A.B. asks: 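Structure below; questions to follow.
Atoms considered below: every heavy atom in the structure, side chains included; atoms not considered: hydrogens, waters and symmetry mates. Proteins come first, then strands; the chains are lettered A, B, ... in the order of their sequence lines, and each starts at number 1.
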Amino acid sequence: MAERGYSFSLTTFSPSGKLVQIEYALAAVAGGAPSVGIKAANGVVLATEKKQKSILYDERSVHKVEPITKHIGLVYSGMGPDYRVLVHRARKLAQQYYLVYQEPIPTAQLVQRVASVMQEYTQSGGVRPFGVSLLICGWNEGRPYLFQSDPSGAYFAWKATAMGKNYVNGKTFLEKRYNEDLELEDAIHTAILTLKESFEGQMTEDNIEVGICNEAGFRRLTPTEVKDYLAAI
Amino acid sequence: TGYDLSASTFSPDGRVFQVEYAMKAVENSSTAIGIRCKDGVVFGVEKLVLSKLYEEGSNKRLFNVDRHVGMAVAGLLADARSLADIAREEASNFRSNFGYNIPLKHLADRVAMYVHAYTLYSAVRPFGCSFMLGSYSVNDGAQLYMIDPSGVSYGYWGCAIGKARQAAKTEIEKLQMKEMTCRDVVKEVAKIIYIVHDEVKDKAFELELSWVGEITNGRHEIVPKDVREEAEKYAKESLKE
Amino acid sequence: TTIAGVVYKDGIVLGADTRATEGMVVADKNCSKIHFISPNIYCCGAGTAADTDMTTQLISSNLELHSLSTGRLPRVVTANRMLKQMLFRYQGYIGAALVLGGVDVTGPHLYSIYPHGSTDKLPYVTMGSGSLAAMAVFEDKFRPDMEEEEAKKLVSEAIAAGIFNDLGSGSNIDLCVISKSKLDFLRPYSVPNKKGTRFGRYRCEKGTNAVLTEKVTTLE
Amino acid sequence: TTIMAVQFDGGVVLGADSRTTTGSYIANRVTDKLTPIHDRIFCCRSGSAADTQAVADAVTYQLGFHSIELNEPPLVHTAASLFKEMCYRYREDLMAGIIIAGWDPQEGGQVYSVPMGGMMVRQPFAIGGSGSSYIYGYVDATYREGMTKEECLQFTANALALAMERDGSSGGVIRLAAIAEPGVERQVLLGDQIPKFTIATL
Amino acid sequence: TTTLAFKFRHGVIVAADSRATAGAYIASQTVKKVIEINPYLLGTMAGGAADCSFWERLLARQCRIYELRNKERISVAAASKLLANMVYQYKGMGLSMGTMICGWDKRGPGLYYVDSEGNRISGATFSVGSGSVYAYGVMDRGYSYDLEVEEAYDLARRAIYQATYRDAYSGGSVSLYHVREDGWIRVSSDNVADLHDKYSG
Amino acid sequence: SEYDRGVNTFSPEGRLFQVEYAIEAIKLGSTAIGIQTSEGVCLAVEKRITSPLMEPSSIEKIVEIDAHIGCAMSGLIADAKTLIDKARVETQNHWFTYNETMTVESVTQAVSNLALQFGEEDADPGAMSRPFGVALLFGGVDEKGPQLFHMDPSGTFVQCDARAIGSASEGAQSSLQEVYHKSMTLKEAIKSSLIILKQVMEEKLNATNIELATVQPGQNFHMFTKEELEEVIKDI
Amino acid sequence: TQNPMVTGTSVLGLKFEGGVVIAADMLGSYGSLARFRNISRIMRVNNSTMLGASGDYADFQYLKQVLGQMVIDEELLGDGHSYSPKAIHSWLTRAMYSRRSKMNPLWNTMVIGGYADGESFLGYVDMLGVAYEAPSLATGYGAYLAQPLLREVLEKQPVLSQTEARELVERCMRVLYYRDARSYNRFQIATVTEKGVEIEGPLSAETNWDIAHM
Amino acid sequence: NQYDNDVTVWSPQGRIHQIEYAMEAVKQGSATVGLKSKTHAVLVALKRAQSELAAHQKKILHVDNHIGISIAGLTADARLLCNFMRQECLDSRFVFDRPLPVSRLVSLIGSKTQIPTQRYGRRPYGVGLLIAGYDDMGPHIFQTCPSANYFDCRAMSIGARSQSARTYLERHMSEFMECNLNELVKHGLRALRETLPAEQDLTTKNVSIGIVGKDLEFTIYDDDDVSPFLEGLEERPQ
Amino acid sequence: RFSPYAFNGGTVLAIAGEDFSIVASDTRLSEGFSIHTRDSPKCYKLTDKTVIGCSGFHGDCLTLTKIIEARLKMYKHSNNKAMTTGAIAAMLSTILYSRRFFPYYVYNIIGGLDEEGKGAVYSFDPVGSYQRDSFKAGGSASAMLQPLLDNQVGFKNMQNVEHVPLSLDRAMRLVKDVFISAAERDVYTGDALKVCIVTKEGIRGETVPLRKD
């Protein structure tokens, strides 16, 4: 046994100037389950599909939409255990910020710290980059925020976006459906419709997970609320 | 295609070939056997004499790793010696921390996990040795464990490791060792060792014998010269028909 | 400082005075000594105020991480264990004396925690310089399975005894009632002391103060 | 503090007072000083409350993990050895006098004293704490070989009551625990249940 | 202990007594308190004898290494700076050393006082030790930069002798060294009794 | 190509590849000759100046280790700098501790202990990554008389009566074998060294092409000045 | 260990023709209190060596653990070499001096008795690392109360039989009981001879109190 | 091939090639013989001169008053191991005031030299040792190898052309035990001579002898002290 | 509190001759008012030409003599020759200074022969300050012995007295007499006197009884 990891980078520059490992992590993301984020005028909705491979799976056991703080929520597309690592790190970073400043971390600050961690894994010794893309929602200063953080460590602010399978078509659908001044209920309907575009089979209140962020904070929708929204559609 | 070079790499079939190559190193060594009777454990090793220039007892493959625990090894002797040092350290630390003799099952688990720690990394090499641990106590009885280069530890009634372990296991199966005592097991062990030796392939060999049980007051020790000579005579007589 | 806590039939009542003295001078007339740990767990603090604030903030942060990870409500025993292990590792150098009270799936729990890392699980506790007066009130008047109003009156009486007999305690009485269904942070619960009414009018007029130099910077 | 443990043929009896003082102030009058280390292994604690609580928690942790690993009920001697190692290694930082008492399938009922400094000794019976000085003569004159569980419980109750009447650092209630193979039976003697010895007047 | 050194036109004169005491008990009358660091550098021993000897031996090692590396002899200022830097790392740990580094470099005759308290000063005359006040008294009255060599020898011997006369901790013999441009020479070692016969009589 | 094997890999013939390659590197160095007589040790090195604008006095292929020990080097001189610094430190350490001069053999042993202290794993940061590419001739005078030692990058050091290192060490060694006899004088040793250097040097041998130094019982390490060099070379 | 908690009093040792005898009472005192009255302060190291300790009993138990493990390890080697009493005494001296030099001493005074190769060994090691050999030894108050009697007898008779040595040790234990306030009248006698180490106890000295009527 | 560069790589045949290459390193060295009687242990080393004008390389080293060694293979590795052994012997004398038993020292050597055979980026020691010792168990000859295996021997020879020496030792092993010191040394010298080329013979220049015994601390004889042992040697039988 | 030092008494004396050196010591090991043992020599043979006498704290004396023996063996291994007396003195100075802040409480006197075959005595203080002397005393009775050695060996304060070289027999007589005088007055000096004489023939040992009180 020897606990020393490799000290050389596994992500290096190709002769054409590209870091191919990050592009392959992006391919892993593009093979993931569809995720949608929509920033309404008074909140953000994050909707993902969780279609289990069997009825033997307990749907309630694992969650893909996760709280980071009382005001920040997370969802991902890509590889789930990498996502768990990043969720744990984001919660710890938010807590450290709260310990220093005694106010909840602004969404942009937490996005920056998480993206910094992802960049570290694009450059440090003996590791591969994370194989996930994160959608991060938050409410700060009476304002909703929606960010996407990629495996390279680059983050973007979005009004509405999609990740995972069929995300190009999802983006086209969003940009031909999204408008400003939208309310949170209509954004929830639009997010569920965007999931429905790429969904295969019947969508039920257990096939999808929905989280919302507004002034009251971030919370996961119970399957009963999701069933009500699906009935409305 | 380059999948067999590190213990930190899985082959496409799900195999770690470096551990299998270490096991092959064990399969080329000479045979050691252990037999667990109702009142003890007896170890017999066929120690090949490579040079007549060597002394008797050189390169011994039987070790005392604790007052109550003996060790029979096969494979790379230097690896086996380092593992015997590891086992001694584990036993001594257990006595220092918990205040009594380490149970054989616990010592086997600890050493097996130490061995398994060398099957995960490219920075180290798996051990090229397998071994048996033998112990006796009044509270726990007789116990015989075997550990291989992968780190798998199992309890046995009889065990063989080395070049001819299948023929030795066949010979061991013919024994009613559950009701036997150490006295007659020593003869049976010597007979099996003399049977599995190949005089054409290997010229000469010494017969190393040890035991632990109620006969020795729960102390692992070399079998005394009288019993060893009697067992050797009986084994030689059994060879002739 | 006088802090106190009782277990009543439906939960916990915590109480504290609100005076913070620097030496023998009142620095803060309205000091908050009942600290949030979790929505079901609170802690009153005595001793070194900075140590108390920092320790409670750290444990509250760690318990928030723990409850996010488990998705379950925090237990009072977990807060107690974290606090006592942290305080013991510092060998009494962190001077936090704590009354930790909460209601979890196992029911109401009340602990006293001392700066060296020892804890006591008790049905009523007092702490601080007024702790003996409040304890006298408790030993005179505590009964098991009190109602919520009875428990609030008893804790306010204990805090008042600390306030009116310990020089280091004073001002207002703050309460925190915790049950499985609600949390009432009553601040102030009582105001037994007020500043005396002014009989005169000090001379304080524009132009009274002579000025050497003046500089006005306009802000955009 | 007065702690006591007595061995009888099939088990042990442990007993303690319930007083925790800070100076002359009683900070806890119903303290539980009998601490289960394992299903059949208890410790009585005297000295610094923080030190004994920390050490008992650490030993509980180590003994539980060890018992899971061995798939065997722990030996009382093993728990005593763990306590001894901790108390000897940190003898300059700890103020802890421990009695470790319990039952084993291999050894029966067992009492071990780990006094301050970290030595370990097995005894037919052990006493400890500040109050124990006042009952040395009483337990020397009273203890006899072959007492039953009930005789051991009465012996422990009497000795603890005498110490509590004399020692200002002891008082409150008497907590008793009988450990045998069937299990642990705990009781509290309080009020008129505590043995009474008339004050000599005139 | 009394040690003195002074610069003058013909070089550096270094002189010392030879008595080591342990309380009231005289442990030795034959201590060599002028340390011959190398053929071109001299030091003095005041304070702890072991401290001075050890750290000036370390200085000798460093000076020899410097000469091997640079193909030049270390200068007096550089050597005294090395010694001061070496002993500064141990300030407050109880080292006791007061020494004079004496030599003749490209800057002419060089005389530096270095102590364990961190002082390092160049100067024309210095006296260190328990008897140094008496030596200062005699030396200052007798000193000039234009002394003849024999007059300088006599002045150093007289100052050390008077110091041993007044100071209980100074005595034995007077050792006299002359640092010249091409190196130092051990001039003399005269017992204080002979000096007394020559001065009183 | 060069990173396939680690620096501590044995060849199938039982040799460390890197040590063999360093030995090969020494064949590209200038020729140095040491001769040990009863009256002292002489060392002579070809400077091998490449350009007229270079100052030959800045080439130091013979250095003083101590007043009684000198060293000639061949191969990669920049590598020899750290070994020579270590030798000087060791001699001064021995003087500091024991108040005496280190013997030539013990200095050579101390320097040879560094030859194989290279590796990639299990090393402190900045530790040597490869063997040294130098061969050293230590010439000194100790209580055992005058001695000459040869050290090579394998870490082997040997006492020698006369030895040549560098590019022409084979022909120079054969010449040394015929020229050298035990009762040789130091003047004859110096003359024979210069004769062999003249034979093997590609350039003409003058007072600026060579370094020559001697250590003798009672005289310190002495590097021959160019006037002394011309005094010796005038009749060759 | 700057403050010893439970301590043992004097330990006696005496060479005789064919072996060594060591005596120690069975008391662990807690300050002035006689807290532990059935503790053995003599350990058998191996067949040729025995040890007795005065001072801190927890430190003695620690040393007993370490020494027992060393002897076990050597016996595990099974190569025909065993620690002599002299080797044990040397190792103990090194351990005590190392602890002293770290300002963390083992608060003990040890007597090492041994019989090897027809030769008796008696050795003293204190907690500062002072170690020596002598024909008779006594730690603590025994140094003031038993050593003069042992030395007087050895003066008039350098070589003692085993019976004479045992009787002399009994007389010294009786004197220690008379005059040492930390002693107890319950002791052990360990003898190392050609046959090995034998530890006998508990034993009592016969006491006389007739001077109480004078 | 892909299996013969790293000491951590098992070959598909169950072998480690780097260890075997270090064995070859030992086999390249000059021969040396070790043998023992009831009372003495003798090492005889054939030294090799790089050139005609070089001194013959030292082969026999002091370890302690009762232990000496002869080396084959990489000399610098041998110096590392010799320093380690000397430090172990000094540690034993410091702690226990007794000479370290030879077999315990050999076990320490085996433990130290096994470690680099399992760790990536390390290499085996490329040195074989003959260890002559005397202790309470009498005289001892030990052989240590780059594989970290060691052997207790009646007699042994290692280095180049050592098989002829081993054959001679096989022949006279029965005689060795009752030999006196001179006869034992002469047996060792004949075994060493069996490894020589036809033209070369044993001379006071290329022979080194180390002796240890019951009353004799380990002693090395190099040039002129060897002549009494060389005197009386019959010419090579051929 | 814990004091890591003890005063164990004992006196060491060395006298250097023209072709000999003498190191002598008392054999009493004591602590406080007690006697640990009457057979404890303070003289240790280092080499065939060098003996060391150590007095003070006995634990330090044992440790230092073992360290010196180890260092002598290491030097012999490294340099293939035995250490001379002067090299031993320089090495001892470095060893003693290596513990400058937690010193060996040992007074050391080395008696031996130099490289010219002449007697040499080196005296050391606990931190390694040392010098060569013709004669020296250390230990508890050193202030008793030193003035008489000055008077008799050095001929100090005497007029019209020739400085005859000190022969071996006169030196032996003087050592014995001075130790008897010391045993009279110094409570730590007693029991026996061990004398080591170092000549080119080797080291000879002698024992002279002293009073047992």
A.B. asks: The test is side-chain contact (heavy atoms from CB on, under 4.5 Å); show your working for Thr191(G) and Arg166(G) and say whether it passes.
C.D. replies: CA-CA 9 Å; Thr191(G) 298; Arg166(G) 199 187 175 86; 4.3 Å; yes
A.B. asks: Are there more than 12 heavy atoms of other residues, nucleotides or ligands under 6.0 Å from atom CD of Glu17(G)?
C.D. replies: no
A.B. asks: Go through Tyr178(G) and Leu176(G) one step at a time and tell me if the side-chain contact (heavy atoms from CB on, under 4.5 Å) criterion holds.
C.D. replies: CA-CA 5 Å; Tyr178(G) 284 148; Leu176(G) 280 171; over 6 Å; no
A.B. asks: Would you indicate whether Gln2(G), at its atom CD, is surrounded by more than 12 heavy atoms from other residues, nucleotides or ligands within a distance under 6.0 Å?
C.D. replies: yes
A.B. asks: Take a 6.0 Å sphere around OH of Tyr184(G) and say whether it holds more than 12 heavy atoms from other residues, nucleotides or ligands.
C.D. replies: no
A.B. asks: Enumerate, by atom name, each donor-acceptor pair separated by under 3.5 Å where one atom lies in chain G and the other in chain B.
C.D. replies:
| from | atom 1 | to | atom 2 | distance (Å) |
| --- | --- | --- | --- | --- |
| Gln65(G) | NE2 | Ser96(B) | O | 3.4 |
| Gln69(G) | OE1 | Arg95(B) | NH1 | 3.0 |

A.B. asks: Non-hydrogen atoms of chain B under 4.5 Å away: do they reach the side chain of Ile72(G), the backbone, both or neither?
C.D. replies: side chain
A.B. asks: Take a 6.0 Å sphere around CD1 of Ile222(B) and say whether it holds more than 12 heavy atoms from other residues, nucleotides or ligands.
C.D. replies: no
A.B. asks: Would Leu92(G) and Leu51(G) satisfy side-chain contact (heavy atoms from CB on, under 4.5 Å), going step by step from the backbone distance to the final call?
C.D. replies: CA-CA 11 Å; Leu92(G) 210 50; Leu51(G) 187 144; 3.7 Å; yes
A.B. asks: Mind checking which of residues 115-130 of chain G sit less than 4.5 Å from chain B, heavy atom to heavy atom?
C.D. replies: none
A.B. asks: Keeping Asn108(G) on the side-chain end and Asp56(G) on the backbone end, is there a donor-acceptor pair under 3.5 Å?
C.D. replies: yes
A.B. asks: Please tell me whether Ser10(G) and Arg182(G) have a donor and an acceptor in their side chains that are separated by less than 3.5 angstrom.
C.D. replies: no
A.B. asks: Would you confirm whether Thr93(G), through its side chain, and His89(G), through its main-chain N or O, come within 3.5 Å as a donor-acceptor pair?
C.D. replies: yes
